[PDB]
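In what follows, a single structure is set out as structure tokens and then discussed.
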Amino acid sequence: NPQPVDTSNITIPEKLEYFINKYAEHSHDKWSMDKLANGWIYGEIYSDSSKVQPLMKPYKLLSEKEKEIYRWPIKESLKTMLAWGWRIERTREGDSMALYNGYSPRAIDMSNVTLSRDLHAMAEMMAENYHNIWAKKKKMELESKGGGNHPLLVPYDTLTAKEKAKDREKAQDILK
Amino acid sequence: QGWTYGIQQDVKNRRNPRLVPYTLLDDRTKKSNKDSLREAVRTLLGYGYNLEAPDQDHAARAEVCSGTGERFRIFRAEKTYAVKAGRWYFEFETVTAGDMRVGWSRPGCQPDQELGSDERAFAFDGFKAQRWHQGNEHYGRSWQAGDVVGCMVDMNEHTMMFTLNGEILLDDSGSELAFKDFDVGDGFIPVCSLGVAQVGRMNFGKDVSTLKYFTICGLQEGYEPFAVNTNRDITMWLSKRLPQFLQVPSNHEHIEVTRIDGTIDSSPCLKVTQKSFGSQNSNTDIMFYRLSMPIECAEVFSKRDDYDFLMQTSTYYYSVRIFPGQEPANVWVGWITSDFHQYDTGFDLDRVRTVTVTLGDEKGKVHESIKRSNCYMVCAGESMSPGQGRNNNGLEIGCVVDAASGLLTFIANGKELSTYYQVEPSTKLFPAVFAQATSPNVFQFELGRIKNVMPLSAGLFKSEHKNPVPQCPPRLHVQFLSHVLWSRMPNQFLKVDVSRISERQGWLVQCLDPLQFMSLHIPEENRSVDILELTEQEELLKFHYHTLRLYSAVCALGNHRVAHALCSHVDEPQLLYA
Amino acid sequence: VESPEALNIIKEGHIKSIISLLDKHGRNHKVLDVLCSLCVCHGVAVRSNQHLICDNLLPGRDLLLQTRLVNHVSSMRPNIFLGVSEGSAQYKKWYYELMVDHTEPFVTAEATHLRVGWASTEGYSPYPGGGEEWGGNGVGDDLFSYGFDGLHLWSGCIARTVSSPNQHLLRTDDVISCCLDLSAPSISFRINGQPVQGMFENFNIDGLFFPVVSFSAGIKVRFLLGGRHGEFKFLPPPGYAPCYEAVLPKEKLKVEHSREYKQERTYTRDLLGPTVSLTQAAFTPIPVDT
């Protein structure tokens with residue numbers, strides 16, 4: 001039986017808004033390489049049958065409606081991280097970058113970087129929480145169906161690394 | 001106030017002998033102010049405010065402090081003196097009681113690991129009263145200062161036995177054998193491990209009379225002294241203190257080096273990676289890397305691309321690619337000399353050893369100021385002004401050396417950094433990158449050429465002095481600074497006697513007997529070792545033996561001109577000493 | 001090795017390419033074996049091959065391992081470990097003087113080594129830093145020592161000719177006096193009362209310094225440390241304390257080997273492990289703030 005942490009009690013800071021800026025952009029960028037890999041070509045026509053999509057166009061120049069609900073999962077993620085109460089400190093480099101504020105897409109791999117034991121454990125337990133959230137959703141569709149069960153409904157620790165992999169990699173990429 | 005310690009009190013020079021720790025303080029003054037404070041506090045308590053004592057400190061530091069970072073120095077006999085069969089005895093005299101280990105080791109024992117931690121050695125630790133081979137098990141007693149421990153090895157039944165002050169040490173059970181059964185392998189040699197502030201003495205028993213407990217134990221048993229029938233003394237080898245640069249082993253548990261051949265559009269690359277990062281037993285200490293061959297500056301300093309400029313130029317260039325995801329603040333790039341033996345866990349550019357000789361005239365004017373240092377390197381973190389990492393290209397620090405002028409300037413991302421080093425004529429500069437691994441991929445050695453700058457292979461290899469195409473011949477290889485090397489104690493030392501003749505004449509130093517050794521100078525590494533040390537370097541010994549064979553062959557059958565030429569390389573004193 | 005006719009086919013370009021193999025690939029003994037077989041085949045010597053191998057390999061002195069006889073050089077140092085640090089009560093100006101009683105110029109074929117000056121210790125450990133315990137290395141050969149041999153200033157195996165009145169190598173009845181300023185890095189030399197136009201500036205002062213002389217065979221010199229132990233031939237420069245004043249009260253000033261191992265019987269040889277760093281030598285008051 002999972003229980004997601006409460007999120008309405010807390011509010012977003014503009015400093016974290018600055019972080020979700022260029023982060024939603026990098027996420028759109030990697031998903032854009034995913035689209036070009038599975039066949040999508042930049043085209044204003046919504047020819048989703050013939051692998052044509054206008055989404056291969058920079059995130060700021062994209063429509064704010066598309067920008068919305070796309071950043072929404074990031075909003076729930078940051079609600080989840082702050083609900084833990086963890087403190088966040090900005091470095092001098094990260095503040096000089098804030099001061100400083102057509103093109104080939106640059107996405108940087110960040111599996112090259114490595115976290116410490118502490119950040120590892122934090123990421124593991126917050127990934128536990130995201131799996132709990134997903135299990136709660138699957139539970140609501142379970143009661144909507146009125147029957148059945150899902151093999152991965154078992155707790156996150158009871159799962160194995162292979163099915164854990166997407167939730168973990170999301171955890172370390174956001175925290176990295 | 002500005003006062004300083006002085007053995008003689010002097011007010012004008014602010015001299016005071018009292019400026020010492022309280023233990024070193026004068027007894028009269030310390031007892032005076034001591035009884036003053038006794039009286040003050042005793043009156044304080046007699047006033048009625050009987051303050052309770054604080055928490056009494058029962059902790060022990062266990063003396064973790066040590067010289068530099070070395071916890072123990074390993075002393076062992078020469079590998080050639082290994083015993084395959086027989087039954088041998090030697091004694092170890094413990095001058096000072098403490099963390100010492102004595103036993104038998106194989107020729108493959110590393111000088112940096114603990115004695116007995118792995119299978120290479122079989123040692124007895126008396127401070128803990130515990131044996132050591134691939135682990136530790138309780139055995140024997142603990143020794144005091146002056147106690148002599150004897151080591152007995154039997155290579156027939158594969159048994160080893162230790163005796164302390166004459167009595168035979170025994171196991172947890174009644175068994176007297178320190179180690180039940182082993183294999184001969186490559187043989188055994190005597191060895192001892194000495195801890196911090198530990199003094200010991202090994203007696204190989206050249207003179208049977210020197211052995212003190214041999215008569216009561218070992219002689220009747222049939223054990224023989226190690227130096228039972230040696231006309232000359234055993235050459236003893238100790239662990240080297242100064243770290244040296246050696247080629248990265250293929251089986252290194254942490255470092256891995258791969259050679260990337262250069263295509264038409266890509267320069268040849270040497271890439272350094274961390275095997276066990278993100279896993280257990282990873283090493284976070286700054287790892288020092290160096291290229292094998294140096295760039296030599298000119299003997300006298302002067303006071304698309306043009307092929308003529310590239311033929312007449314002397315500037316050589318190499319660069320490094322800081323891999324995206326690796327922190328540039330933990331990586332340094334530049335050139336180092338052969339004298340760089342400073343292994344520090346925390347490395348900063350501020351504490352690089354340097355000196356400034358400023359020769360002047362009789363008038364006092366500074367004719368010239370020469371800065372000399374072993375390390376000329378820059379930090380990637382301070383150079384990375386844009387910040388973060390770029391996937392298209394990582395932080396690309398480039399180094400250019402002008403062998404005709406000795407000017408060391410650094411190019412980074414197409415913009416010249418402010419830092420610049422001017423070196424001395426004939427200085428041999430080794431390309432080097434110091435980095436702390438924060439990623440599986442740390443850095444790689446780019447050997448390309450920037451505009452109007454001759455590639456590095458030209459300055460490295462004389463054969464390719466005029467080849468604009470970058471090259472990475474197999475001779476050039478990445479070397480890492482390590483402590484895993486032995487050292488040969490000289491058989492004979494210089495005889496010098498010191499004595500203060502009188503108060504007027506001072507202390508006298510007197511050496512009147514000549515002593516010489518033959519040094520083998522490695523040309524590429526700018527190093528030199530004693531030729532008698534080649535008893536443990538098989539590759540150098542074989543190469544020098546075949547060099548001697550070639551020397552004989554070129555002058556063979558009466559080639560008198562070649563013999564006269566060879567007289568310069570090998571001379572009369574060298575021949576007569578050999 | 002098999003066909004004599006091969007030797008005639010081998011030419012100057014091929015005999016250069018064989019050496020270029022050694023140069024580019026590295027030290028390989030079978031290349032040397034091939035070069036040996038080139039010189040003499042079936043008991044017959046080829047003068048052209050022998051001359052070409054010589055004139056193309058030997059003069060370079062960049063591939064084959066060079067060899068030479070080097071005299072052993074030892075170093076004597078006093079007990080004093082003088083250093084500079086913040087909040088530490090040690091004088092920053094120091095002076096000591098050397099007396100050369102006798103020095104044979106050529107005891108052997110190689111000239112005798114006699115260098116005097118100061119040396120530093122890596123960290124606060126009592127071991128001299130950056131230099132090998134034994135060999136032909138003395139003061140001024142590593143980057144932790146600063147020496148003066150009479151004609152040159154030595155630091156890190158680099159010698160620069162220093163101008164002095166009546167330039168000469170240190171000989172019999174020559175007096176060398178050294179000055180060390182730790183307030184501003186300064187090492188000054190003074191020969192026979194005349195000023196040596198040489199200067200050491202801006203060196204590392206983190207470690208502890210000490211006087212040291214590096215000598216070879218045929219050296220007989222004396223330390224004039226001042227005070228009880230010695231008397232200075234020349235007056236110390238103003239504000240320069242004599243070096244004997246740095247001795248700790250209960251400790252006795254003695255001159256020992258710079259290195260821990262010396263000449264003695266192998267069974268009587270005292271084997272020394274790592275020693276504790278002498279941070280207690282420097283005194284710094286540490287009162288707890290209240």
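Chain lettering (A, B, ...) mirrors the order of the structure tokens, residue numbering begins at 1 for each chain separately, and ligand numbering begins at 1 in order of display.
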With only C-alpha atoms as the counted atoms, please give the residues lying no more than 8 Å from residue C:274, apart from itself and same-chain residues fewer than 4 positions off, as a ChimeraX atom specification. /B:66-67,70-73,194-198
Can you pull out the residues contacting residue C:47? Cut-off 12 Å, using only C-alpha atoms, and skip same-chain residues under 4 positions away; I want them as a list in words. residues 553, 554, 555, 556, 557, 558, 559, 560, 561 and 562 of chain B; 7, 8, 38, 39, 40, 41, 51, 52, 53 and 54 of chain C
How would the residues just picked look written out with C-alpha atoms as an mmCIF file, in the first residue's frame?
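Generated output (selection28.cif):
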data_model
loop_
_atom_site.group_PDB
_atom_site.id
_atom_site.type_symbol
_atom_site.label_atom_id
_atom_site.label_comp_id
_atom_site.auth_asym_id
_atom_site.auth_seq_id
_atom_site.Cartn_x
_atom_site.Cartn_y
_atom_site.Cartn_z
ATOM 1 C CA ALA B 553 80.546 -6.731 -33.147
ATOM 2 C CA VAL B 554 81.036 -3.283 -34.704
ATOM 3 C CA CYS B 555 84.713 -3.265 -33.642
ATOM 4 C CA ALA B 556 85.170 -7.006 -34.240
ATOM 5 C CA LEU B 557 87.905 -8.289 -36.567
ATOM 6 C CA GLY B 558 90.132 -5.279 -35.961
ATOM 7 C CA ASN B 559 87.923 -2.320 -36.896
ATOM 8 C CA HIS B 560 90.353 0.100 -35.303
ATOM 9 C CA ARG B 561 88.487 3.288 -36.239
ATOM 10 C CA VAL B 562 85.274 1.904 -34.729
ATOM 11 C CA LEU C 7 74.903 -8.625 -46.694
ATOM 12 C CA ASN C 8 75.880 -7.247 -50.108
ATOM 13 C CA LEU C 38 74.918 -7.342 -40.139
ATOM 14 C CA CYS C 39 78.426 -6.599 -38.845
ATOM 15 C CA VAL C 40 79.899 -10.115 -39.113
ATOM 16 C CA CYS C 41 78.534 -13.118 -41.020
ATOM 17 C CA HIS C 51 81.081 1.814 -40.107
ATOM 18 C CA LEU C 52 77.466 2.663 -41.004
ATOM 19 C CA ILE C 53 75.998 1.149 -37.825
ATOM 20 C CA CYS C 54 78.544 3.079 -35.755
#
Check: which chain B residues lie within 10 Å of chain A using only C-alpha atoms, as JSON, numbers by chain: {"B": [277, 278, 323, 324, 325, 326, 327, 385, 386, 387, 388, 389, 390, 391, 392, 438, 439, 440, 441, 442]}
Go through chain C and flag each residue having an atom no more than 6 Å from chain B; for those, report the closest pair of atoms plus their distance in Å to one decimal, using only C-alpha atoms, ordered by chain and rising number, as CSV.
residue,atom,partner,partner_atom,distance
C:24,CA,B:473,CA,5.8
C:25,CA,B:475,CA,4.9
C:26,CA,B:475,CA,4.9
C:29,CA,B:543,CA,5.4
C:36,CA,B:550,CA,5.2
C:39,CA,B:554,CA,5.9
C:50,CA,B:554,CA,4.8
C:62,CA,B:523,CA,5.4
C:65,CA,B:522,CA,5.4
C:66,CA,B:521,CA,5.2
C:67,CA,B:520,CA,4.7
C:68,CA,B:519,CA,5.5
C:69,CA,B:518,CA,4.2
C:70,CA,B:517,CA,5.7
C:71,CA,B:516,CA,4.5
C:72,CA,B:516,CA,5.6
C:89,CA,B:4,CA,4.4
C:90,CA,B:4,CA,5.5
C:125,CA,B:67,CA,5.5
C:197,CA,B:360,CA,5.5
C:198,CA,B:359,CA,5.1
C:199,CA,B:358,CA,5.3
C:200,CA,B:357,CA,4.8
C:201,CA,B:356,CA,4.8
C:202,CA,B:356,CA,5.9
C:203,CA,B:355,CA,4.6
C:217,CA,B:514,CA,4.9
C:218,CA,B:512,CA,4.4
C:219,CA,B:511,CA,5.4
C:220,CA,B:510,CA,4.4
C:221,CA,B:509,CA,5.4
C:222,CA,B:508,CA,4.2
C:223,CA,B:507,CA,5.1
C:224,CA,B:506,CA,5.3
C:228,CA,B:503,CA,5.8
C:229,CA,B:503,CA,5.0
C:230,CA,B:506,CA,4.4
C:231,CA,B:504,CA,5.8
C:245,CA,B:7,CA,5.9
C:263,CA,B:493,CA,5.0
C:267,CA,B:203,CA,4.6
C:270,CA,B:201,CA,5.5
C:271,CA,B:200,CA,5.2
C:272,CA,B:199,CA,4.8
C:273,CA,B:194,CA,5.0
C:274,CA,B:196,CA,4.8
C:275,CA,B:197,CA,4.8
C:276,CA,B:66,CA,4.6
C:277,CA,B:67,CA,5.1
Residue list (strand (DSSP E), DSSP) for stretch 69-262 of chain C, as a short mmCIF file (atom, residue, chain, number, x, y, z; two decimals) with N, CA and C atoms, in the first residue's frame:
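For reference, selection.cif as written:
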data_model
loop_
_atom_site.label_atom_id
_atom_site.label_comp_id
_atom_site.auth_asym_id
_atom_site.auth_seq_id
_atom_site.Cartn_x
_atom_site.Cartn_y
_atom_site.Cartn_z
N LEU C 69 80.97 6.41 -14.92
CA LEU C 69 81.32 6.32 -13.51
C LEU C 69 81.05 7.67 -12.85
N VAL C 70 80.33 7.63 -11.72
CA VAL C 70 80.01 8.83 -10.95
C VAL C 70 80.49 8.61 -9.52
N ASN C 71 81.19 9.61 -8.98
CA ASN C 71 81.65 9.53 -7.60
C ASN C 71 80.47 9.58 -6.64
N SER C 74 78.00 12.28 -0.48
CA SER C 74 77.27 12.25 0.77
C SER C 74 77.03 13.67 1.27
N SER C 75 76.14 13.79 2.25
CA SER C 75 75.76 15.10 2.77
C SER C 75 75.68 15.05 4.29
N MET C 76 76.31 16.02 4.95
CA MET C 76 76.25 16.18 6.39
C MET C 76 75.36 17.37 6.73
N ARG C 77 74.53 17.21 7.76
CA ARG C 77 73.68 18.31 8.19
C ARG C 77 73.71 18.45 9.71
N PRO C 78 73.54 19.67 10.21
CA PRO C 78 73.38 19.85 11.66
C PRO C 78 72.01 19.41 12.12
N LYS C 93 66.02 35.38 9.93
CA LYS C 93 67.33 35.66 9.36
C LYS C 93 68.37 34.79 10.06
N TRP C 94 69.20 34.11 9.27
CA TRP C 94 70.12 33.12 9.80
C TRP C 94 71.43 33.15 9.03
N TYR C 95 72.49 32.67 9.68
CA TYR C 95 73.84 32.80 9.15
C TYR C 95 74.71 31.67 9.68
N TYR C 96 75.44 31.03 8.78
CA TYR C 96 76.43 30.03 9.15
C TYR C 96 77.57 30.08 8.15
N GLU C 97 78.72 29.56 8.57
CA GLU C 97 79.96 29.78 7.84
C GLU C 97 80.75 28.48 7.78
N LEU C 98 81.32 28.21 6.60
CA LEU C 98 82.04 26.97 6.33
C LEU C 98 83.52 27.25 6.14
N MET C 99 84.35 26.36 6.68
CA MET C 99 85.81 26.45 6.58
C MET C 99 86.30 25.21 5.85
N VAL C 100 86.99 25.42 4.72
CA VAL C 100 87.54 24.32 3.93
C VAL C 100 88.99 24.13 4.34
N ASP C 101 89.26 23.09 5.13
CA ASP C 101 90.62 22.85 5.61
C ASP C 101 91.51 22.32 4.49
N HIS C 102 91.01 21.37 3.71
CA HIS C 102 91.78 20.78 2.63
C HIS C 102 90.83 20.10 1.65
N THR C 103 91.17 20.19 0.36
CA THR C 103 90.36 19.58 -0.69
C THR C 103 91.27 19.23 -1.86
N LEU C 114 82.08 19.32 -4.19
CA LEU C 114 81.99 20.05 -2.93
C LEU C 114 81.01 21.20 -3.12
N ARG C 115 79.79 21.03 -2.62
CA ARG C 115 78.75 22.05 -2.68
C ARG C 115 78.22 22.30 -1.28
N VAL C 116 77.99 23.57 -0.96
CA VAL C 116 77.50 23.97 0.36
C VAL C 116 76.32 24.91 0.17
N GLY C 117 75.38 24.83 1.10
CA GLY C 117 74.19 25.66 1.06
C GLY C 117 73.12 25.11 1.98
N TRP C 118 71.88 25.44 1.65
CA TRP C 118 70.72 25.02 2.43
C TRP C 118 69.89 24.01 1.66
N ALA C 119 69.16 23.18 2.41
CA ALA C 119 68.24 22.22 1.84
C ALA C 119 66.94 22.25 2.64
N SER C 120 65.85 21.86 1.99
CA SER C 120 64.53 21.87 2.59
C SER C 120 64.02 20.44 2.75
N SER C 145 67.03 21.74 -2.70
CA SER C 145 68.32 22.11 -2.14
C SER C 145 68.88 23.29 -2.93
N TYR C 146 69.73 24.07 -2.27
CA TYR C 146 70.29 25.29 -2.85
C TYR C 146 71.75 25.36 -2.45
N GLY C 147 72.65 25.25 -3.43
CA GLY C 147 74.06 25.09 -3.14
C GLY C 147 74.92 26.07 -3.92
N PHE C 148 76.21 26.08 -3.56
CA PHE C 148 77.21 26.94 -4.18
C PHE C 148 78.55 26.23 -4.13
N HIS C 152 79.50 28.16 -9.53
CA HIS C 152 78.14 28.04 -10.04
C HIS C 152 77.15 28.05 -8.88
N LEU C 153 75.92 28.44 -9.20
CA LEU C 153 74.79 28.33 -8.29
C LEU C 153 73.95 27.13 -8.70
N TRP C 154 73.77 26.18 -7.78
CA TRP C 154 73.17 24.89 -8.10
C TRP C 154 71.77 24.81 -7.51
N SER C 155 70.81 24.44 -8.35
CA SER C 155 69.44 24.20 -7.92
C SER C 155 68.74 23.37 -8.98
N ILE C 158 70.73 22.26 -12.29
CA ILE C 158 71.02 23.35 -13.21
C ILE C 158 72.00 24.29 -12.54
N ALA C 159 73.12 24.55 -13.22
CA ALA C 159 74.18 25.41 -12.70
C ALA C 159 74.31 26.64 -13.57
N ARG C 160 74.30 27.81 -12.94
CA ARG C 160 74.54 29.08 -13.61
C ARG C 160 75.79 29.72 -13.04
N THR C 161 76.69 30.14 -13.93
CA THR C 161 77.96 30.73 -13.52
C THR C 161 77.69 32.05 -12.80
N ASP C 174 89.54 28.17 1.92
CA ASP C 174 88.47 29.02 1.43
C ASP C 174 87.33 29.02 2.44
N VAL C 175 86.80 30.20 2.73
CA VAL C 175 85.77 30.37 3.74
C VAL C 175 84.47 30.75 3.04
N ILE C 176 83.43 29.94 3.24
CA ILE C 176 82.12 30.17 2.65
C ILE C 176 81.13 30.41 3.78
N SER C 177 80.42 31.53 3.71
CA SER C 177 79.40 31.87 4.70
C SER C 177 78.07 32.08 3.99
N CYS C 178 77.03 31.43 4.50
CA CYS C 178 75.72 31.42 3.87
C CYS C 178 74.72 32.20 4.71
N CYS C 179 73.80 32.89 4.03
CA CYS C 179 72.76 33.67 4.68
C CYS C 179 71.41 33.23 4.13
N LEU C 180 70.45 33.01 5.03
CA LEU C 180 69.10 32.59 4.65
C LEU C 180 68.10 33.54 5.30
N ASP C 181 67.23 34.13 4.48
CA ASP C 181 66.16 35.00 4.94
C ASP C 181 64.83 34.33 4.62
N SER C 186 65.21 34.28 0.50
CA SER C 186 66.51 34.86 0.17
C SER C 186 67.61 33.96 0.69
N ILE C 187 68.45 33.47 -0.21
CA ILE C 187 69.65 32.71 0.15
C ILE C 187 70.84 33.43 -0.47
N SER C 188 71.77 33.87 0.37
CA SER C 188 72.92 34.64 -0.06
C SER C 188 74.20 33.95 0.38
N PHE C 189 75.22 34.05 -0.48
CA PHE C 189 76.52 33.45 -0.23
C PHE C 189 77.58 34.54 -0.13
N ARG C 190 78.62 34.24 0.66
CA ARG C 190 79.68 35.20 0.95
C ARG C 190 80.99 34.44 1.02
N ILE C 191 81.85 34.63 0.02
CA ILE C 191 83.09 33.87 -0.12
C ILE C 191 84.25 34.72 0.37
N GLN C 194 84.08 38.32 0.62
CA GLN C 194 83.62 39.08 -0.53
C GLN C 194 82.21 38.64 -0.93
N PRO C 195 81.37 39.56 -1.40
CA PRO C 195 79.99 39.20 -1.71
C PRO C 195 79.85 38.46 -3.03
N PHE C 200 69.08 33.62 -4.55
CA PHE C 200 67.95 32.70 -4.62
C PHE C 200 66.72 33.42 -4.07
N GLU C 201 65.66 33.49 -4.87
CA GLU C 201 64.47 34.25 -4.54
C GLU C 201 63.21 33.40 -4.71
N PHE C 209 64.00 24.12 6.76
CA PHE C 209 65.32 24.23 6.15
C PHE C 209 66.38 23.72 7.12
N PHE C 210 67.60 23.57 6.60
CA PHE C 210 68.75 23.18 7.41
C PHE C 210 70.01 23.36 6.58
N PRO C 211 71.12 23.74 7.21
CA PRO C 211 72.40 23.77 6.49
C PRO C 211 72.82 22.37 6.07
N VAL C 212 73.57 22.30 4.96
CA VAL C 212 74.00 21.03 4.41
C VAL C 212 75.18 21.27 3.48
N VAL C 213 76.12 20.33 3.48
CA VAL C 213 77.24 20.33 2.54
C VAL C 213 77.28 18.96 1.87
N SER C 214 77.45 18.95 0.56
CA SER C 214 77.59 17.72 -0.21
C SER C 214 79.04 17.58 -0.63
N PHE C 215 79.67 16.48 -0.23
CA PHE C 215 81.09 16.27 -0.47
C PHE C 215 81.32 14.93 -1.15
N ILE C 219 87.67 15.41 0.80
CA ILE C 219 87.10 16.64 1.35
C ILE C 219 87.31 16.64 2.85
N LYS C 220 87.86 17.74 3.37
CA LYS C 220 88.06 17.93 4.80
C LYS C 220 87.65 19.36 5.13
N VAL C 221 86.42 19.53 5.61
CA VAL C 221 85.86 20.85 5.88
C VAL C 221 85.33 20.87 7.31
N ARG C 222 85.11 22.08 7.81
CA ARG C 222 84.63 22.29 9.17
C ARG C 222 83.46 23.26 9.19
N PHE C 223 82.48 22.96 10.04
CA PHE C 223 81.31 23.82 10.26
C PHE C 223 81.64 24.82 11.35
N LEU C 224 81.68 26.10 10.98
CA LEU C 224 81.74 27.19 11.95
C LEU C 224 80.32 27.68 12.18
N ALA C 241 71.00 36.13 12.85
CA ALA C 241 71.34 35.29 13.99
C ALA C 241 72.21 34.11 13.55
N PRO C 242 73.16 33.71 14.39
CA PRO C 242 73.95 32.50 14.09
C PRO C 242 73.08 31.26 14.20
N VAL C 255 76.48 17.06 14.36
CA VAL C 255 76.48 16.96 12.90
C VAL C 255 76.38 15.49 12.52
N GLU C 256 75.34 15.14 11.77
CA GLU C 256 75.08 13.76 11.40
C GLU C 256 75.00 13.64 9.88
N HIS C 257 74.76 12.41 9.43
CA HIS C 257 74.48 12.17 8.02
C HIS C 257 73.11 12.74 7.67
#
The distance between atom CA of residue B:90 and atom CA of residue B:532 is 24.9 Å
With distances taken over only C-alpha atoms, which residue among C:10, C:1, C:48, C:112 lies nearest residue C:34? C:1
